[PDB]
file work27.txt (compact mmCIF, C-alpha atoms)
# COMPACT_ATOMS: atom_id res chain seq x y z
CA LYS Y 6 1.34 28.27 -7.49
CA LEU Y 7 1.30 25.39 -5.01
CA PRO Y 8 3.86 22.55 -5.21
CA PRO Y 9 2.92 19.40 -7.16
CA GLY Y 10 -0.14 17.58 -5.87
CA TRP Y 11 -1.29 20.40 -3.58
CA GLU Y 12 -4.75 21.97 -3.83
CA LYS Y 13 -6.68 24.36 -1.60
CA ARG Y 14 -9.78 22.59 -0.27
CA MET Y 15 -12.66 23.22 2.12
CA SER Y 16 -14.03 20.70 4.60
CA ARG Y 17 -17.54 19.45 3.91
CA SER Y 18 -17.95 18.85 7.66
CA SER Y 19 -16.48 22.17 8.79
CA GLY Y 20 -16.38 25.25 6.65
CA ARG Y 21 -12.65 25.41 7.32
CA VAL Y 22 -10.09 25.85 4.51
CA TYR Y 23 -7.13 23.45 4.37
CA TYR Y 24 -4.54 22.13 1.94
CA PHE Y 25 -4.58 18.65 0.44
CA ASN Y 26 -2.06 16.75 -1.67
CA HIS Y 27 -3.74 14.37 -4.12
CA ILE Y 28 -0.54 12.32 -4.57
CA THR Y 29 0.55 11.83 -0.94
CA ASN Y 30 -2.96 12.17 0.57
CA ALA Y 31 -1.45 14.57 3.12
CA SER Y 32 -3.68 17.19 4.76
CA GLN Y 33 -2.67 20.33 6.62
CA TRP Y 34 -3.96 23.74 7.66
CA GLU Y 35 -0.75 25.53 6.64
CA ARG Y 36 -0.32 26.67 3.06
CA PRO Y 37 2.31 24.28 1.62
CA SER Y 38 4.43 27.17 0.29
CA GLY Y 39 4.82 30.90 0.86
CA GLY Y 48 11.90 23.19 -13.94
CA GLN Y 49 12.87 21.67 -10.60
CA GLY Y 50 11.04 18.40 -11.30
CA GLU Y 51 11.36 15.75 -8.59
CA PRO Y 52 14.33 14.26 -6.73
CA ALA Y 53 16.01 11.39 -8.54
CA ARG Y 54 16.29 9.57 -5.20
CA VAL Y 55 14.64 9.85 -1.79
CA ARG Y 56 15.05 8.20 1.60
CA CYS Y 57 11.82 7.35 3.40
CA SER Y 58 10.60 5.74 6.59
CA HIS Y 59 7.14 4.23 6.73
CA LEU Y 60 4.55 2.76 9.06
CA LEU Y 61 2.46 -0.02 7.51
CA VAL Y 62 -0.91 -1.22 8.79
CA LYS Y 63 -2.02 -4.37 6.99
CA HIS Y 64 -5.58 -5.66 6.80
CA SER Y 65 -7.33 -8.92 5.93
CA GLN Y 66 -7.04 -8.13 2.19
CA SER Y 67 -3.30 -7.40 2.19
CA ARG Y 68 -1.13 -9.44 -0.18
CA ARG Y 69 0.49 -11.18 2.81
CA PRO Y 70 -2.02 -10.78 5.68
CA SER Y 71 0.69 -11.51 8.24
CA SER Y 72 3.40 -9.63 10.12
CA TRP Y 73 5.80 -10.04 13.01
CA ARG Y 74 2.95 -8.56 15.08
CA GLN Y 75 0.39 -11.26 14.22
CA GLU Y 76 0.23 -14.32 11.95
CA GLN Y 77 -3.40 -13.76 11.06
CA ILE Y 78 -4.10 -10.11 10.32
CA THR Y 79 -7.88 -9.97 10.67
CA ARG Y 80 -8.66 -6.25 10.80
CA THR Y 81 -10.69 -4.85 7.93
CA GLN Y 82 -9.46 -2.23 5.49
CA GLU Y 83 -11.64 0.38 7.22
CA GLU Y 84 -10.23 -0.56 10.64
CA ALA Y 85 -6.67 -0.32 9.30
CA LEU Y 86 -7.47 3.10 7.84
CA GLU Y 87 -8.88 4.20 11.20
CA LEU Y 88 -5.66 3.07 12.89
CA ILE Y 89 -3.57 4.93 10.28
CA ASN Y 90 -5.66 8.07 10.76
CA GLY Y 91 -5.20 7.77 14.52
CA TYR Y 92 -1.41 7.53 14.20
CA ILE Y 93 -1.35 10.55 11.88
CA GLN Y 94 -3.35 12.55 14.43
CA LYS Y 95 -1.05 11.50 17.27
CA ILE Y 96 2.03 12.51 15.27
CA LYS Y 97 0.53 15.87 14.26
CA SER Y 98 -0.55 16.60 17.84
CA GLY Y 99 2.94 15.90 19.21
CA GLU Y 100 1.57 13.14 21.46
CA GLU Y 101 3.61 10.54 19.58
CA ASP Y 102 6.63 10.45 17.30
CA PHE Y 103 6.67 8.84 13.86
CA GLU Y 104 9.69 6.58 14.39
CA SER Y 105 8.41 5.43 17.78
CA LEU Y 106 5.02 4.43 16.39
CA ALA Y 107 6.62 2.65 13.43
CA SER Y 108 8.82 0.59 15.75
CA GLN Y 109 5.82 -0.45 17.84
CA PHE Y 110 3.05 -0.90 15.30
CA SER Y 111 4.28 -1.18 11.70
CA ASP Y 112 3.22 -4.49 10.17
CA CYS Y 113 6.52 -4.46 8.23
CA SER Y 114 9.92 -5.81 9.20
CA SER Y 115 11.33 -2.30 8.71
CA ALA Y 116 9.87 -1.60 12.17
CA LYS Y 117 13.16 -2.93 13.55
CA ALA Y 118 14.81 0.00 11.74
CA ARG Y 119 12.21 2.40 13.19
CA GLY Y 120 10.48 2.36 9.80
CA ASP Y 121 13.58 3.25 7.79
CA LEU Y 122 13.69 1.81 4.26
CA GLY Y 123 16.83 3.60 3.12
CA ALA Y 124 17.20 5.38 -0.19
CA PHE Y 125 15.51 4.34 -3.42
CA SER Y 126 14.75 5.44 -6.98
CA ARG Y 127 11.66 5.19 -9.14
CA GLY Y 128 10.72 1.73 -10.34
CA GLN Y 129 11.71 0.04 -7.07
CA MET Y 130 8.62 0.38 -4.84
CA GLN Y 131 4.97 -0.25 -5.61
CA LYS Y 132 3.62 2.61 -7.70
CA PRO Y 133 1.37 4.27 -5.05
CA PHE Y 134 4.17 4.18 -2.47
CA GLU Y 135 6.64 5.53 -5.03
CA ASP Y 136 4.31 8.29 -6.28
CA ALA Y 137 3.73 9.50 -2.72
CA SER Y 138 7.40 9.24 -1.70
CA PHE Y 139 8.65 11.35 -4.60
CA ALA Y 140 5.93 13.99 -4.13
CA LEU Y 141 7.03 14.52 -0.52
CA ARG Y 142 9.51 17.23 0.28
CA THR Y 143 12.21 16.49 2.83
CA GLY Y 144 10.73 16.21 6.30
CA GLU Y 145 7.15 15.83 5.08
CA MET Y 146 4.78 13.02 6.01
CA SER Y 147 2.12 11.53 3.76
CA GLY Y 148 -1.50 10.86 4.47
CA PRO Y 149 -2.81 7.30 4.09
CA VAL Y 150 -1.16 5.62 1.10
CA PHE Y 151 -2.92 2.51 -0.21
CA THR Y 152 -0.86 -0.32 -1.72
CA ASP Y 153 -1.29 -4.06 -2.19
CA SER Y 154 0.59 -4.51 1.10
CA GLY Y 155 -1.77 -2.36 3.14
CA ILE Y 156 -2.00 1.28 4.20
CA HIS Y 157 1.19 3.29 4.74
CA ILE Y 158 2.24 6.49 6.42
CA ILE Y 159 5.45 7.71 4.75
CA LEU Y 160 8.05 10.13 6.14
CA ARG Y 161 10.65 11.51 3.74
CA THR Y 162 13.93 11.86 5.62
CA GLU Y 163 16.28 12.68 2.72
CA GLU F 2 7.09 -5.12 1.85
CA UNK F 3 6.66 -2.41 -0.69
CA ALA F 4 8.97 -3.52 -3.45
CA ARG F 5 7.84 -4.24 -6.95
call {"tool": "encode", "arguments": {"input": "work27.txt", "output": "structure tokens"}}
result
Amino acid sequence: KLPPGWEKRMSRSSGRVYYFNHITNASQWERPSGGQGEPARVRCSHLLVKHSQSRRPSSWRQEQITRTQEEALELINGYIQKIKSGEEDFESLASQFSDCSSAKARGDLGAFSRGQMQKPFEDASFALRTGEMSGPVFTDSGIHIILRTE
Amino acid sequence: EXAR
């Protein structure tokens, strides 16, 4: 019934029902829908937070990325909450805080097909519908938030 | 840097 990846869950903390995508790690309160397959190409922006265990623990923001994986996840979760609240905008946060050179393009990576990005990033990107934002996506580079723009 |  629900689009690919989506499952109806309940919070262990709360008792509140929500919807979770196992492929993008996205969470939301709203039901995600009221032979299509997947798009052959998508365009995505992303915000990357690296940690000490990233493949290249360095960025234009700092030579020596020393935050732990848990601290990077906490930062990612904070950005997601700020975007969902309306306090901040995705592109603005990516320009300021993404540990990837695509920050200078406000996170934009352009269009791509399967087989071009790391598999977790690719799996999440192609499970997003246009306009949707992922949850935390773990790759060898670090933790990403992904926004599908096309 | 998310390229394969």
call {"tool": "closest_residue", "arguments": {"input": "work27.txt", "among": "Y:9, Y:70, Y:128, Y:50", "to": "residue 2 in chain F", "atoms": "only C-alpha atoms"}}
result
Y:70
call {"tool": "interface_residues", "arguments": {"input": "work27.txt", "of": "chain Y", "to": "chain F", "cutoff": "12 Å", "atoms": "only C-alpha atoms", "output": "PyMOL selection string"}}
result
chain Y and resi 57-63+67-72+111-116+120+122+125-135+138+150-157+159
call {"tool": "atom_distance", "arguments": {"input": "work27.txt", "atom1": "CA of residue 93 in chain Y", "atom2": "CA of residue 142 in chain Y"}}
result
17.2 Å
call {"tool": "closest_residue", "arguments": {"input": "work27.txt", "among": "Y:158, Y:96, Y:28, Y:85", "to": "residue 121 in chain Y", "atoms": "only C-alpha atoms"}}
result
Y:158
call {"tool": "residues_around", "arguments": {"input": "work27.txt", "residues": "residue 124 in chain Y", "least_positions_apart": "5", "cutoff": "7 Å", "atoms": "all atoms listed in the file", "output": "list in words"}}
result
residues 54, 55, 56 and 57 of chain Y
call {"tool": "atom_distance", "arguments": {"input": "work27.txt", "atom1": "CA of residue 75 in chain Y", "atom2": "CA of residue 95 in chain Y"}}
result
23.0 Å
call {"tool": "atom_distance", "arguments": {"input": "work27.txt", "atom1": "CA of residue 48 in chain Y", "atom2": "CA of residue 12 in chain Y"}}
result
19.5 Å
call {"tool": "residues_around", "arguments": {"input": "work27.txt", "residues": "residue 147 in chain Y", "least_positions_apart": "4", "cutoff": "7 Å", "atoms": "all atoms listed in the file", "output": "list in words"}}
result
residues 29, 30, 31, 137, 158, 159 and 160 of chain Y
call {"tool": "closest_residue", "arguments": {"input": "work27.txt", "among": "Y:118, Y:7, Y:140, Y:89", "to": "residue 51 in chain Y", "atoms": "only C-alpha atoms"}}
result
Y:140
